[PDB]
Each structure stands twice: as structure tokens, then as C-alpha cells.
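Here is the structure we will look at.
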Amino acid sequence: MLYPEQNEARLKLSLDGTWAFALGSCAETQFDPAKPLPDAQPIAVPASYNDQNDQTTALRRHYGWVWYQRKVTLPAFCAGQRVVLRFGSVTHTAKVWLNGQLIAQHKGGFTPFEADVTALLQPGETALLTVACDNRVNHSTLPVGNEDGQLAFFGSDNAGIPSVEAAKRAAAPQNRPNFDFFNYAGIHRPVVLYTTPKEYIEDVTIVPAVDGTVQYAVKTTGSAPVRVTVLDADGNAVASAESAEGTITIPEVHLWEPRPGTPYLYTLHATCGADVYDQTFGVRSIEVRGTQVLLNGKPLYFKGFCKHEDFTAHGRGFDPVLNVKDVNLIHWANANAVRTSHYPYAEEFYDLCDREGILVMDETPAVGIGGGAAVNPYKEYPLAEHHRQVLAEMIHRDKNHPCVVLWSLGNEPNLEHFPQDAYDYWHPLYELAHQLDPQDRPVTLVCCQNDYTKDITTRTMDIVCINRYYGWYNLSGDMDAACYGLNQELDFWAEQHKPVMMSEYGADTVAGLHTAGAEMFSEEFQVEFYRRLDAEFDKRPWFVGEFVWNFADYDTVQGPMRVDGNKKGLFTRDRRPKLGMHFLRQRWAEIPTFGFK
Amino acid sequence: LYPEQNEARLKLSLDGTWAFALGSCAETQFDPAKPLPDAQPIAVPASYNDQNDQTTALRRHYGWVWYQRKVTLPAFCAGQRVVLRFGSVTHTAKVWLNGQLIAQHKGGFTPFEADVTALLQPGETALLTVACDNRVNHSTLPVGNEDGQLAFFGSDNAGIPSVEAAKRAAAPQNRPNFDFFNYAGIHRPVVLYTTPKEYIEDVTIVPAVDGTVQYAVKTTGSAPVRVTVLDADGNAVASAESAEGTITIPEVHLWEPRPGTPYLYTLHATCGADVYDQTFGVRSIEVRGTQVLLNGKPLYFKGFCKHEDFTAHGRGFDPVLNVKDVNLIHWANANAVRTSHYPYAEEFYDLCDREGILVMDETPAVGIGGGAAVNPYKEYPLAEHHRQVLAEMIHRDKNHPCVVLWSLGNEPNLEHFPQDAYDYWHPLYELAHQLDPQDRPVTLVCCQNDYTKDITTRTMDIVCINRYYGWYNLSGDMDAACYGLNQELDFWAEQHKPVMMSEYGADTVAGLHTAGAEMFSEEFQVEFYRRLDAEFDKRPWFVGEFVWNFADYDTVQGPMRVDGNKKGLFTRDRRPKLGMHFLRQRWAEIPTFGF
Amino acid sequence: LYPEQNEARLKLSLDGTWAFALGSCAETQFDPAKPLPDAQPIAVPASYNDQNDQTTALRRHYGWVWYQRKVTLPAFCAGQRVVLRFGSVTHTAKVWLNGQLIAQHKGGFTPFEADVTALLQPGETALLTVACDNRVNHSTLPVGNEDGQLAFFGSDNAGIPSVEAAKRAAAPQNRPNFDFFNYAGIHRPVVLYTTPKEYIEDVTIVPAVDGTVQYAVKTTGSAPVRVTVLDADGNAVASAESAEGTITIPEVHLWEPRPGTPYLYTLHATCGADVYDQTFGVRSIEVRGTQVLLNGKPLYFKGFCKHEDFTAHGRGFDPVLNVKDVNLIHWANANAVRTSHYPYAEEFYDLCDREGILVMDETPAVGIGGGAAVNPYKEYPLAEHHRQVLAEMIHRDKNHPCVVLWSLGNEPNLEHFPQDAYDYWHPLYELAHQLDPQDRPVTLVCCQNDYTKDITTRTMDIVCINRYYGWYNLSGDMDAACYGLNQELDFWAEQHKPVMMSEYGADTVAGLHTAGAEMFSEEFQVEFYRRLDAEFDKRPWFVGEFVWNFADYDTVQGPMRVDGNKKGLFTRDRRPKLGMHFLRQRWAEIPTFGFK
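Dropping the structure here:
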């Protein structure tokens, strides 16, 4: 699964634009892909479909299948290449025809897929590309959705009342998601159409080392001799080797480091027959040593945001302008890292962090594996094979980024009500992710506020990541006692001799609400919350990271808990800094990336 | 009796900037006779919570607070009986004069008096001290929550030991079992007034509509009592000589809300050297079948649930805000107010008297419950204090024509113990018809509950229910909210009773718009009322609708409250949100009479 | 012509994240062939000004910026004519390939091209450098102010020594003579496309309601040229074997805004090995008295004024925000859009063709005016560049059925120098009618002025006026504002032309409410429209209204602009203010056709 490129051998064709679009139902065969769409309407690809037609609320709240369609043409002179149709993502479940013939089926809303379409797209001809896109989440999806009888996350019900219960049964069906973010759906990521030679490079793995030695492995279909070359930032070749497997060594290697370091990127240049492909990479080690996490031997402190792919009109769709703006505000913040809650992000996000020196915690879309104390999801939720394919999909896709340093299997699963079952499920995936990563990066699992003594799985990861809303969801409004309770749990974590990071924490804040006394939802409360809890972090040397929730304000399900979306952002949805961001900025103005300990 | 000034009585407000000190839980921490140490100024009347922001001490106080101020009776003001009166002190009080305990009172929204004629003589300067306790709990109205119970609408992570250690070690703090902030202090005006040594004590006026007006004045002296009825211009149109009986008003003017004219006569009553005027209006209220007749005409309640809440003032009295809020009711085309969740200042009912505004009057009895695990009617020492408070209110507000309905309390647990609750509320519904000379209708505002197990809500003279379909349940889907509402309505039709929706609303942050009418946005508020009100108007037995709330108000901190309650149709500074303009337009098309 | 992809032509996107350095006032600073020094990543297309908040250097830059990336044409993509196309660069560009200049352009909202096959061979990689100058002055369109004038709506304490000394020592900034922020950068999609080495050059389609369609296809080769009208489903309904001539369509389905159906045909043209498809719409436009006729029907415009403006994107192009707006435009019961104050991306006009939305196409000709002290008609070197950009606009949009009305420009000083004003504008009125095959109405949008001394705007084919009664004058008093509006309307009645109100609105902050509808509150926006709109309806020659603005947009800092202009009926993130629900109801009850 290599990201598409444009060189002397390969053409990159963007199929993005404004396709024809039609709502469907729960019937998966409701339209004939070979024939045009009936009563189509224009829709912008890539982006969610949800916030694109406010003539009614049918698009925003839709339940089931939607249908995309556009014509694609290969000019007649683009002769005898191998042609591939590639989707960066389709959310959540996709089906894909060309001229009526099925050419793809994908599950998973956040990892890419392809179809080798050379036999159905000759030079000169025109095809009808139809994509069906199912938005339904349930006990088999990742992220998990809930099914009849349960509610959505942070739901509010008057459970026993007849009038409500008859209504729920008479109510129109709608996804009820076991996660706190809006269920955006559609073609979110750029649809590419590209060419390679008939016999092509098809996978590149790169495992580097801080002394300057780099292991590499270039997989191919044909029989040409492979030759590689390593290029510097200027484009000059500085080493070379002439086999498909082996090691190559860069004299005076420049190491990849987040600011104040230089995020120095190298290119591996692989030729083989008529084919060419340029794999980017950086030379940097990561070792967990005891209760430290070392980058090039220096002890790291994570100053990071939890983010989301979320924006006005684009929804969960991709936006490079947003990406550049967002990274620069991270540099503005004096932050150095990002967590990709709660799904792998668009490919281009990690290229930007590569280029811009920002550590990343790559997370699978495995949020919501939990049903309460009377529902064991590990026994009752059919997720383990989808988990394994998508865990693999992510590692295979970002294996070559220096900006990734930490794998996260998933988010806030029920680790307390059935401990050993949870260990038996999550540990097979902790091992897997270590078998699957050629660089052996540390693995984690991000955990709920929960009874940490009943929990037996969190402490067994390479780096412990905890989500703690002390003084917000519990002991509300009182940072005296919030700080007390946090420190109790921090004494428990001191006993586990692992490095620990606070991986979510935050306080819903409405931009505009001020109060002399720093009460809940006001801007001044957010400053108290972080400032108070942050000063206890600094008393513990085995605390090595803080990830605030959230970077910015994002949309959500309707419900009395969420003031038109989540509001714990340190920025508003248009990336405007609240009072709490100026506090964070000053704090990270005085905490160095390296050597905080 | 509300203090007056005339040729017989002097009135005198002690309102002003008093001295003030923070207390603890010792009701004996300061010497009520020596000046308060380390005092600081404080405005009376007002809550004290929002008057000092140097720290969060006053806003978040737990316990007693102390006021002090010198009072002086001019020597030339002699031969009179001297009365110390407080309009309210929230919640429990204890007053001393030069060290002497002259009053104690429990309950933060009813008034109490002390006769001080022998402790303050003309020419004397005496030292007034008041102790004020803000604490709420299982003995209070409104009800608090003692150890091991969350504040109402609160949030926890129940069992995590780290959270559990933090609770046992945390600073104590009231946990209201009611969704508003526990503002405390001297809220209504203090007053020093004088009467003749033999004075008029009590006036009851039961007026009927033919013109006949039963009456009864209670005098301490021996002089004969004569009364004259003064019409709106102050003209004697009839008179009588006897402390009790009947005067007929020739050609009565009936009291009515807009459109009607709100006509108020006065009972001029003299006994000896003494005078007192009781305003009164002449109108009938009868519950006949599934209708509520006002002066024989079938009535509809375009109502507001209000609060007593405003910037700085807290729960304090603001006469200005009163005039404002009442001209906004009139701008809205509304006619009725529910006094959530306590009796208001008297001046409010005197304004509703003159301005033509129906009033549902309500006690502080909110939060009488604690889940299916706790029986409050077996566990909470309330029943006694609840009959006193109901007595105080009916006795205080009996002569107001604006009051057309009493409510026993707001949202008790009526379902988890169906018969235990009938055994507590029905004597009160009985007591309420007894103390009221005008046999006004009685209700009890029911929270959202299993209406099929509740046996006591349907037993009221008018039924009054609080429903949030689309908001707390079935969030965001008004298709499903109306379906569920109509299902409960199908039950209320079989009960052949008059039925009013006595709370319903949706938090709305002024500012947030969505084309799609999404919870917390100004447009969802419109869809809420527009879709629920439509389903109402299909029910010919459904006589009233009081929107919650008139205006945003403070609450205790909690992840469910965006700096207080935001379901107001107005902001706190009384600017209207989009759903107000919608409501005001709907009520311009709904007549108060004959709908 | 707009780039296409078929069996004949390839269309590649050079959009993406490029390398970007800040320059200065040196056209000479960095070498166009060597890579940029201390470059940073930047997203293209979009404005650059809101993309690095580490600093305010990008937001507030004065001068040149530099863009760069590498361009490889694969080895197998051989033997074709390869063209490089910029959807726009704002405002002036120099573009180099491998160090060799290949384009220059003045004009920030119109596309430009460079034929490049001679320098991008199959298989190689060229270094493509774009330098973009953001400076506006008395020679640009839109107009910038020069030494000793303030920014439009700017404030000053003129004459104070400390002030006048600081105004001189201050770092140089642009002072726009317009009310919208000076976004700059490569704003529109950057294309690399191919044609057979002898190719279709230009297409010109004039349709008439009777079925007949006059057409013309310019070519460079010598092959013969086939045309075939294709229907909404793609079937061929007419045909000809000639590069000019006319063809007849049977039961032609016409193009109409809603409630009509916006039917769209294609002219499929082959010549040699080359293909091109030009959409077109069959509908008649006739100013006939004080009516404007669409297929003979009296028409009433329910329009917005828009802007190309958004969070992060700046004036960059956003295909998603475009589909959301057009759908909010339907939801509003609106049928028209004004391209204030510049031509938009081509894809916006493609959208309106499909969606059925009447457009009014405006040049970047805003700010031709410097008050009473200065005669721009004698002192601003604008004349030739106006004619240039007038033509660029009309060539590019000539086949769109949605464009019903040309606007030569916006808010020019028409009263201090009345006669110079006409001699400058009336040739451009004539030019627009010459350069346009379908001969559509042409207008000129007039700021609020003394209309008894304006000799110019009452001579356009449709009178369009910007009035702000009850806002900038007679403030907060709608009783008086209708009085004033009504006295000016009595003057336009005497002129016997059709009249539209092309701008009017009131700054409204979302969530400011007042019972009594005071200025800046949502309730006053409702009042401002409801009151003025009541007088529009009493008069049969008033044929349209265009509110300002569709949405809040950014603007340069001055004490009269609350973080932008806030006259939007929608907020920047497209949430409807109380003023919007009112207009949505008003347009509910007013037909597109036959209101007057």
C-alpha cells in the first residue's frame, strides 16, 4: 500500500471535484451502478456529505447508504501503463463498481484501499465510477456503534416511562454511536487515479539507526535489478546500493528532531527497470528506558494536543489548508506532539508532521469497545478480526514516517468490569503490533477513567496512557479536591515503574463566558483546571507527557451534555484561541522538548 | 400584614450598607452584642454571594453569616408600638437587639416580625445583629442532600477509590437537591414600623361577583370598627360599621388580566386612632369539569415560570427589574406567572395585582425525593415545617386577586412509593383549602415520571406536569417527542381534569444558530415549542402552558449547566432569544378568554 | 477555455502543499531557478495570509511572496501540447520554469496561461517558481490608496504632530480602497493539461428560445469540424459539419431558475484528434421597458451579494463551501447571486448553471475614487487595465447560462466629477456589449451618493444602487429611513428604467438581541429589511434586491469593522442570523416569475 507519486514513470490523476450524489436506504442493491444515478445532486469530493445540503436535514441525519458517481476517462495516448484506482478512505463501509462490474469492497472508515483497474480502463475509453457508502455503526464496526436497547455515548433518557419507551420504538432509526464525536461519512480523502509500469515496485520498508545505518527492502513484481540511492534535503545523492534487500549507510547523518531540533528528512530513491519511487524517511531512535522515553538518547516530554479531523462544511473530510494552519498553531503553542484520536488521519497529515517535526501517536479507530457491567463486549461483540485487519492497515500505511513514535491500539475500552477477558483481547494486539512494525516502536492503549485496581491491562503497555477528568466529570468545580484525587491515583501509578502520560484531560469552555471566580464552562475555569493539575504532574519524574483534550471544538451527537458539539477545545472550531490556550502556550514556553525529566 | 405608612403608622426602611462577617458552623461564633470584628460592607437587601470577588469565599460559603448595624429611634417618635420586620432571610435566622434574642425563623422566603417597643425607646441607639445560615439538607425547604448523595443534576465516577478518598476529604458544601443556586442572605427589605398601642392586626376579604364582599378585621383594642370601600379613584361607594360582615359594591368592576381591566378597590378600615388599607380585587375562579372559569369565562394560561435571579443582586429584591420583567410579560402577550420555586417578594404580587397578571403561587417545597432507594416521607424531618411554610404563604397572599392557584410544591417523588406520597400530599391539599378564605384551586407540580404508578398527581384540582420530551429523553428528535407526549396526553384525557404543562424548555445559548435546529441553538428552541404547542392545541381539556424559564439563572457548578440554566427565553439581562419572538407571536393569536 | 479531460486531453492537478518564502519589495530578491531559502510549507490553492500564525508576518505582509514546487511529466505522456494554467494569482505574477520566464500577469481574479511543451519534455522535472505581489495602488483593480490617504473606512486624528510623524515612520502596509481584506496568493486550482498539437481554441455558443443555436469553434489545424448537441442524458439531438453556422434543436428544453428546471445541453465538438465539450443553456434575456424578461417572463431577483471568503481558505477556492452555499441559497428561497467584487472561480459558475441560480458578473473594478480632492479619471492609470480585465471576464464566462447581467464595476465616484465619470464609464458600457455574443444587460453599481448629480448610473441597462438608509445615515430610525428611501425612489420612477437595490444591510453580531431592535442586534437586521422591503413592493419598476452580505467576511483593522464586516445574513461559518429567517419567509411568498 504505497502512497501515489508522480515521476518519469508514474502519473497522478486527481479524481476529486463535484460528483453526482443520491441518498439511499438500508437496501444495498437499491440502485443499478451501471446506469446513471436518479435525481442526483452535486456533492463535493473529498468531504463528508453531512453539512453540504441544508435544504433539509436529510443529509445531516441520514441513516444507511449514499451513492456517488462520476465519469472517468483515460486519454488514448496514456498508453500501456498499469492503472490503479485508489481511495484514501470511504466511511465506513464501501462498495465500488466500474461500468457495473464490482471492483472493490472495503470495511473501515479510515484506511485506504485500491483496485487494479487496467483491464477495465484502456486508453481512449470512458467508464462510470459508482461508489456506495454505508454510514452504519454497530457492534461490529470500529468505531463501535450501539444497538437497540442502549443509547449513544453521554445519552440522556427517562428509561422506564411508557410514553418514552413507545416513542423510542416508534422513533425513526439513527446511528447511536458508542463514541463522543459526530458520525461523519462519505468519501473523506482524495480519490487518486494512477499509473505504474507493467512491472513495478510495490512496497518499501525502511528501518534506520542513529549511527547512520539504514536497513531497507524494496518489493517488486518484475525481474529488473533494483538499485537504490539515499538523497539529502537538497537532492544530492550521498550513498547508494544495488540490491532489493540490504543496508545502506549515510555518512555524517542528520538526525530527525522536533524543534529546537531539525526535522531533517531523507529520501530513498528506488529505481528498478522503467520504474521509480521515492520513499521519504528520517533517522531517529526511540527507546523506552525504565520510566523514560528516549529520542536519540535524550529523554522526551510530550507537550501535545489531542486532535480531530473536523471543520465547518468539510466535516471529517480532508483539508490541506486547515492542516498547515493547525500545525503552525502547534508551533505557535510551543507544543511538540499530537495524538490522532480516534482514527488514523489522512496520509498528508503525517507528511506535514514529518516536514514540520511534530511527534505523533498513531491510533486505530478502535473506540467504543464497551457495553457496561452487564455486557461483556469481548464475548458478545464481533470485533477481533476487523481489529486485526485495521491494526495491520495502519501500521502498513505509516511504517515509514519518523513522526510516528507511539502506536495506540484503541481508546477507552471496558478494562475494569471483565479484567482477564480484556487482557486476553488486548494483549494479542499488543504483540501483533510489535510483530507488525519493522521499527518496533512502543505500543500503548488509552484508558478510561476507571477503577485502576480492577484494571489489569493498562499497566502492561510500553507507555501508560490515562484519561482523567478530575474536577470536571467528578468532584465538579473543585480543583482542591480534584488535585487530591489525582495524586492518590498518581501514587498508585508510581508503583508500576512504567512511564505514564495523561492522554486526555479538559473542561468544556464556551468562548465568551468569563467569571471572576473561575466557574465551570468559563474561560477562567479552563486555566485553573490545567494550571492546577499540571503542577502535580511536575512533582513526578515518571510522568513524561501531557495530551490536552482537545485541540479545537468539534461537532457531536445531539444531547444535553454537548453544547452543539464538544467544547473542551483549546481553540474554537475556527481555530481561535481561548484563554486556556494562552496559559498553555506560556507553560510550554518553559518546558523543553528534551531534558525535562 | 404588609407595613404601611399613614396618619397612624410610620414606615421606615433599614435597607442600606450594613457590616458583615463570614461565619462557620458555630451559631455562637460571635458575641451578638459586641461590634463584628474585621467587618466589611454589604448591601441589604441582596444575596451576599456575588458582592465580593476578591476571593471566592462569599460565593462558595458554607454555614452562617453575620450582619450588624445600629438603629436609632428619634426621640420625637414616641407613644407608638415598634415592629421589626424582615421580608425574608435565607434560610435560617436569629436576630438580636443590644444582645437580646428577639427572633428566630426557619425558611428563607417567608417574612417574620419582632415587637421591640420595650427594647428600643425613643431617643435610643440599639445594635441590630442578624445571623444567617445558608445550609440546606433533609430538614430544609428547599431540600439539601446529606452525605453520600450528589447535588441535583450532578456527576460522579461512583466507585473509583481516588475519587472516593477525595470526597471524604473535600471541603464541605451545600448539595442542593434543586436546580438553582443556593443564594442566601437578607433578600427582602428590612423595615421598622410603628402602630398605635391598640392596632389593627389582620384583614381578610372574600369578594363575590354580584358585589357582595365578605370581610373581617381583627383589632386588639375595644373601639368600634368602621370600613369603607374606595374605588380606583379613592371614592367611598359603600361603608359599614362592624368588624365583620358584608358590604355590597354598587355596580362592581371585575378584576381581569389583559384584555380585561385589572380593577382594584381598597378596604379603608379604621379602628380607634388607627388606619389600614387592604387592596383587593373582585373576581371569581371556578374549576368546572375540564375548564377553569375566570369570572365565568373559560381561561387559558399563556404563562412563564420565573425565578428570583439577577446579576449582583442574586436572589435579592430588585423593584426595577420587577417593573421591567412585567412589561416584558406584557410585550410577550403573556398573562400568568408561576413563582418557581418559592414565594416571591410581596411587592411582586402587588405589581401583578395592578398589571393584570394571573399568578400561581408556590411554596419552597422542591426536592422532596431521593431516588427509589430513599423514602423521603419516612426519612426526612419535613412534614411539620411544610405545613408552617404553606400556612405562612397563604396567610401572606390571601388578599391578592392576582393569585388564582396555589401549588403545594415542585417535583416530589410520587412514583417510587405511590401510597406513601398520597399520604403526605393529600393532607396538604386539604390544609390548603382550609387556610384560604377564597377556596382557590390547589395543584402540585409533577416531574417527569411513570405517570401510571403515580396515584396522587391526578388528584389535584388542576393537573400540573413538567415534561421535557425532545430534551432529557428522545434528545433532538421532535418527531419522537410529540409522539411520546401525545401518548402521555392520551392518559391525561381519561382523567377528566384540567391539565397544564407547568415546565418545558430547551437550553439555548444566545448566539448559536443552526439551519438544522440542533440542541442548544436558538432555532431548536423554536422547534421545541412550535411542535409541542401544536400538539397541545388539539386537546380541549388542556388549559395552561408555563414555559420554563422566563430567563436564565444561576446554578451550582456541574457538567450539565453551562454557567447556570440556559433554558431562559431571555438572557439574564432580559434580552430575548429567537424562540421568544416565536412565543410572543403565538400568544398574540391565543385569547386569554374562550380559546 | 476551461481545462477538460477526454480521450484527447489530460488534466493534471498541481494543487497541493508547495514551498513558500516571504519576499519584499524586490522583484529581484530570490533566484527563480534555485530552491527557496528557509522555505515553509503552504497550501495551494488558498490564500497564504491565514496559514502561519506563529507570527503576523504572513497575515500583514507588504510586497512579494514566493511559491515553488517541482513538475514531472511522465515519460509515457508523450507527443502532446502541454499547457500550464493558473486559475488565478492575486494580484500580479511572474512565473519561471527552470529559470526561464513564461508568464506575467496583472489582475488578481482572472486566469492566465503559458504553453510549455517546448520546456517540459516527457520524462523530466522542471522547477516551477511563482512570485506573487500583493500590493494595491492607483494602478490596480481593486484600487489601493497611496501616500497621504487612509484605508477606506480607516480612522485618523489628522494634524497631530505625534500622529503625522508616526504615520510616516510606520512600516508600510497596503491601504485598500475597498471593504474586504487583501487576501493574496494562488487562490484558484493550478492545472497542467494537454491537447493534440493542433487543437480547438475557442467556443462561442449563442442560443435562442426557438431551438436555433448559433455557434463557432476556432481551431489551429486544418481538419473539418463536427458538432453534436447532446441532451441532459447525453443523447445526440442535432448535428452539423461546419465550424461556424447554426443548428436547430427539436422541442428545446429551456434553462430556468426554480421553479423552472435548469436544463443544460452540451456542444460536443471534434476536430482531427481533438475533443471538447461546452455546456450551454437555452434561455432569452430581454430588458423590455422597466421589466427584465427571462423567456418572456417578468423576473424579480432575490439575490445575495457574496464574497470569496472563509476561515483558513481566505479568498482561496473551496469546492465544498460552494455546494453548501448554493444549497443555503435554495433553502433561503433565493434565486440570484452577485459576484461582489470580482469574478469568482469558474467552478462557482459551473455550479450555478447546474443548480439554477441567476448570476451577475462583476469585474474587480472597485474603488475608482478618491473623494472630492482627487479626480481618479485624470489621475489613476486604470483605463487600459479595466478594458483588459473586462475582456478577460467576458471571454471566460460567455457560455454560462447563469450569467444574465454584467457589472462593469462597483461604487465609483460619480458625483464629484460628473462628466469625466461618464466619459470613463460609457465606453466600457459599449465595450461590454461589443465583446459579448449574447448581448446581455450591463450595469454599474452606484454607491449611495447625490443622484441628481450622477449623470452615469441612470444610463445603464438596469439601474443598481447601494443604499444604507437607516444605517450610515439617519441611524437607528427606520421611520426616517423609509422617508429618505421614498424620496429617492420618487426620482428613480421618473427615469423609466428597471431598478434593483444591489447592496443594503446592517452590521449584526450573532447573539446581540434587544427587544427594541437597536443597531448591531439581530432584531434590528429584521427591522431594516422588513421596513425597506415594504416600500420596494409599492413600485412596479423595482425588479430585484441583493442583500449585503451573504455571510460575514474579513476586512482590514479599523474602528468601524468589528473583526470584519458583520452585515452578513449568515455568520462566517454559515449559521443563519435572525435576519435570515425573516428573508427566508419573505422570499417564500414571492415568485421568481410574475411578481410584477
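Residue numbers (the deposited numbering), protein chains in the order written: chain C, 1 to 597; chain A, 2 to 596; chain D, 2 to 597. For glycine and all other residues, C-beta sits at the position ideal for the given N, C-alpha and C.
Show which residues of chain A have a CB atom less than 7 Å away from the CB atom of residue i.
i: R576 (chain D); result: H514, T515
Which chain A residues are close to residue i, counting only those with a beta carbon under 9 Å from its beta carbon?
i: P377 (chain C); result: Neighbours of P377 (chain C) on chain A: none; closest Cβ ~20 Å, over 9 Å.
i: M502 (chain C); result: The premise fails here: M502 (chain C) is roughly 14 Å from chain A at the closest Cβ pair, so nothing lies under 9 Å.
Answer with buried or exposed for residue i, where buried requires no fewer than 16 other C-beta atoms within 10 angstroms of its C-beta.
i: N474 (chain D); result: exposed
i: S163 (chain C); result: buried
i: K539 (chain D); result: exposed
i: residue 636 (chain C); result: With chain C running from 1 to 597 in the structure shown, residue 636 (chain C) is simply not present.
i: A58 (chain A); result: exposed
i: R316 (chain D); result: buried
Taking C-beta pairs closer than 7 Å, name the residues in chain D that residue i reaches, listed in chain order.
i: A511 (chain A); result: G512, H514
i: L579 (chain A); result: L579
Which whole-angstrom value is the C-beta distance of residue i and residue j, which I expect to be below 8 Å?
i: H342 (chain D); j: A47 (chain D); result: The pair is not a contact, with the Cβ atoms about 20 Å apart (cut-off 8 Å).
i: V324 (chain D); j: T18 (chain C); result: 6 Å
i: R176 (chain C); j: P263 (chain C); result: In fact, because the Cβ distance is near 42 Å, the residues do not count as touching under 8 Å.
i: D553 (chain C); j: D574 (chain D); result: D553 (chain C) to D574 (chain D), Cβ: 11 Å. No contact.
Interface residues of chain C around residue i at Cβ under 8 Å?
i: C78 (chain D); result: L11, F77, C78
i: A171 (chain A); result: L475, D478, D480, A481, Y484
Under 8 Å Cβ-Cβ, which residues of chain D neighbour residue i?
i: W332 (chain A); result: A516
Residue i touches chain C at which residues, Cβ-Cβ below 9 Å?
i: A44 (chain D); result: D319, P320, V321, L322, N323, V324, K325
Strictly below 7 Å CB to CB, what residues from chain C border residue i?
i: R355 (chain D); result: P42
Just the chain D side, please: which residues come within less than 9 Å of residue i by C-beta, in chain order?
i: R573 (chain C); result: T312, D574
With a threshold of 7 Å (Cβ to nearest heavy atom), would residue i be considered close to the ligand HEM?
i: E242 (chain C); result: Here there are no bound small molecules, and the ligand HEM is not part of this structure.
Please decide whether residue i counts as near chain B, where near means a Cβ-Cβ distance under 8 Å.
i: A185 (chain A); result: Included in the structure are the protein chains C, A and D, with no chain B among them.
Inset, instruction - Would you check if there are 3 or more beta carbon pairs closer than 8 Å linking the region 392-401 of chain A to the region 144-154 of chain A? - result: no
Legend entry - Segment contact, 8 Å Cβ cut-off, at least three pairs: the region 326-333 of chain C with the region 14-30 of chain A: no
Inset, instruction - Could you say if the region 35-44 of chain A and the region 583-591 of chain C meet the contact criterion of at least three C-beta pairs nearer than 8 Å? - result: no
Legend entry - Meets three-Cβ-pair contact criterion under 8 Å: the region 527-542 of chain C and the region 474-490 of chain C: yes
Legend entry - the region 455-465 of chain C in contact with the region 140-150 of chain A per 3-pair CB rule at 8 Å: no
Legend entry - In chain order, each beta strand (DSSP E) run of at least 3 residues that lies wholly inside the region 51-106 of chain C: 65-73, 82-87, 93-98
Inset, instruction - Assess, as a yes-or-no matter, whether the region 349-366 of chain D is touched by the region 408-416 of chain D under the definition of 3 or more beta carbon pairs within less than 8 Å. - result: yes
Inset, instruction - Could you name each continuous alpha helix (DSSP H) segment of 4 residues or more that falls completely within the region 403-482 of chain D, going from the start of the chain to the end? - result: 419-436
Legend entry - Whole alpha helix (DSSP H) elements within the region 252-330 of chain D, 4-residue minimum: none
Legend entry - Any 3 or more C-beta pairs closer than 8 Å across the region 510-521 of chain D and the region 264-284 of chain D: no
Legend entry - Inter-stretch contact (C-beta, 8 Å, three-pair minimum) for the region 115-135 of chain A and the region 87-103 of chain A: yes
Legend entry - Inter-stretch contact at 8 Å, needing at least 3 Cβ pairs: the region 515-530 of chain C / the region 186-194 of chain A: no
Legend entry - Continuous beta strand (DSSP E) assignments of at least 3 residues falling wholly in the region 151-212 of chain C: 191-196, 201-208
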